[PDB]
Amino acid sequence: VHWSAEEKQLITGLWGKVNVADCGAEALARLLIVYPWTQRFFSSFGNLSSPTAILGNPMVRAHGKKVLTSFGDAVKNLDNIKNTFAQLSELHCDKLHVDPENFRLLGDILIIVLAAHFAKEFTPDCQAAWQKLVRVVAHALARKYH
């Protein structure tokens, strides 16, 4: 729950170069493709019958942007994370009933998606900071049970 000064610069510096739209769409598309059961939650997005259909689906692409924007709010409120995700926690837990393990899977997809987008710039120390950020956001969403 405590951030070293080094971690903040590490996540912050990187966020500024993130293409929220492309990475957002790629991360969400990957969650629906490598972990198929997650598609059950997005029945309202229409066509999700093939990887291609999924990568081409505009709603998937659009929702992806919103999710990553949501991560940006965390990057700017590194210490106010609970409040920032309070209402999202209720949506996912009480209205959707998404099991917290899935938050962990999305966070990992996001890590590998950033690695492919930054390559060597995504150093081991950098990955470690982001892994932490992703676990905190996941924990802040898995609150309604706690």
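Position 1 is the first residue in the sequence shown; the rest follow in order.
Just going by the entry, 119-127 versus 16-24 on mean CA temperature factor gives the higher value to 119-127. The stretch 5-13 shows the higher mean C-alpha B-factor when 132-140 is compared against 5-13 in the entry.
For the set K65, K82, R30, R40, the PDB entry puts the maximum C-alpha B factor at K82. When the C-alpha B-factors of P100, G56, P36, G107 are read from the PDB record, the largest value belongs to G56. Split the chain's modelled residues into thirds by C-alpha temperature factor. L88 is in the middle one. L48 sits in the highest third of its chain by CA B factor, as recorded in the PDB entry. In the PDB entry, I111 places in the lowest third of its chain by CA B-factor.
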